[PDB]
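I have placed the structure first, in the form of structure tokens, so that the comments after it can refer back to it.
Reconstructed Cβ throughout: ideal geometry from the backbone, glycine too, with neighbour counts over all protein chains shown. Derivation of every value follows stated rules applied to the coordinates shown; laboratory data play no part.
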Amino acid sequence: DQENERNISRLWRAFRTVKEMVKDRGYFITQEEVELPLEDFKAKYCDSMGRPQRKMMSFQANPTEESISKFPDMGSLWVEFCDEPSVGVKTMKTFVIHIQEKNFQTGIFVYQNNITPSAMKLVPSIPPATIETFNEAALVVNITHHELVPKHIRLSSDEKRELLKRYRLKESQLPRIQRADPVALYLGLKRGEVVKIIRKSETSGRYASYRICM
Amino acid sequence: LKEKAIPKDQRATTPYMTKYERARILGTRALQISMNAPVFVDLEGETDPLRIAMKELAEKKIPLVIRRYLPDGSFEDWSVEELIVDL
């Protein structure tokens with residue numbers, strides 16, 4: 001048993017949150033894909049004896065039929081987990097070119113301990129495609145599930161335009177959300193993107209606020 | 001600009017008069033009445049400019065209009081005559 005059993009549990013918990021997040025972004029992920037049991041996880045990604053093989057875990061996801069009517073340009077996403085605790089430029093470049101070749105819109109790199117600054121240079125190097133760096137440890141718990149975390153909804157160019165029109169607003173006037181805000185990161189919010197937040201109220205039943213990204 | 005004035009059709013502020021609009025109409029009218037302005041209501045023996053103004057408001061014979069400013073600077077004009085006075 002020892003602590004490899006806990007490390008696997010932790011990884012599996014984090015993998016669920018990646019799948020949850022990817023589905024929540026507007027991608028095609030089944031509930032079954034999320035609700036994958038721990039024994040079924042070890043079955044799929046554990047080598048010669050039972051050690052986690054993160055190289056395999058890496059997966060592509062495509063936008064749901066609904067996501068393309070609201071966001072037509074939103075393309076396919078690539079998610080990559082690394083078996084090395086430290087992610088070097090020699091293993092990072094391999095991923096960067098994969099996004100360039102398969103004409104991917106977005107690419108999420110799930111790293112264990114660190115991504116070297118030499119490797120980090122490569123993140124904005126291949127636009128229009130955007131790259132996300134996520135620490136495995138942060139993903140163990142899906143923060144969006146918390147009691148205090150309300151539902152944040154990404155608004156389309158048209159949806160946002162309408163918001164500003166209907167309240168006679170300048171973007172500056174809208175309440176803000178930092179580009180590094182945990183929920184902003186989860187939804188893969190870019191600058192300017194507006195999020196509609198729906199919270200329950202003790203005054204009205206339900207209240208909707210909006211937060212513009214920074 | 002005069003894109004500032006919101007038209008009569010498609011107007012959206014309360015069709016009711018605010019506590020402030022009432023206080024300012026009564027004050028304004030009482031001030032005007034007090035400094036010998038023509039009174040549009042028959043004072044049935046009335047003498048306090050506020051009491052005269054209140055009678056004016058009660059008969060909707062106040063010839064003022066409230067210019068309601070929106071945060072962008074636009075506005076809806078509402079007549080004292082047309083505003084509902086629940087209060």
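Table for the structure above
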quantity	calculated
Over the stretch A:91-214, equivalent-ellipsoid semi-axes from the Cα gyration tensor in Å	32, 19, 11
Rh by Kirkwood over Cα pairs, then Stokes-Einstein D for the protein assembly as shown at 1.002 mPa s and 20 °C, µm²/s	87 µm²/s
Eligible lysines near A:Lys19 by straight Cα distance, threshold 23 Å, same-chain separation 8 or greater	A:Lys42, A:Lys44, A:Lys55, A:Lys70, A:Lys102, A:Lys151, A:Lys190, A:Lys196
Relative contact order (%) - criterion: Cα under 8 Å, at least six apart; region: chain B	37 percent
Convex hull volume per residue in cubic angstrom - Cα atoms of the stretch A:142-214	93 Å³
Global form of the stretch A:1-141, assessed from the alpha-carbon gyration tensor, a/c cut-off 1.5	oblate
Projected-area average for chain B over all orientations - Cα convex hull basis, square nanometres	6.6 nm²
Number of partner chain Cβ atoms within 10 Å, mean per residue of B:5-18	0
Centre separation in Å (Cα based) which lies between the stretch A:156-200 and the stretch B:54-77	36 Å
C-alpha center-to-center spacing [the stretch A:100-115, the stretch B:1-35] in angstrom	59 Å
Value of relative contact order over chain A, rounded to a whole percent, pairs C-alpha under 8 Å and six or more apart	16 percent
Straight-distance crosslink candidates among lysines, where the alpha carbon sits under 20 Å from B:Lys19 and sequence neighbours closer than 8 are dropped	B:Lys55, B:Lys60, B:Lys61
Antiparallel DSSP beta bridges within the stretch A:142-214, percent to nearest 5	85 percent
Rounded to 5, percent antiparallel among DSSP beta bridges of chain A	50 percent
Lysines whose Cα lies under 22 Å from that of B:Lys2, excluding same-chain neighbours fewer than 8 positions away	A:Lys165, A:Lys170
Theoretical ellipticity at 222 nm over the protein assembly as shown - DSSP helices of four or more residues, -39500 (n - 2.57) apiece, nearest 500	-9500 deg cm²/dmol
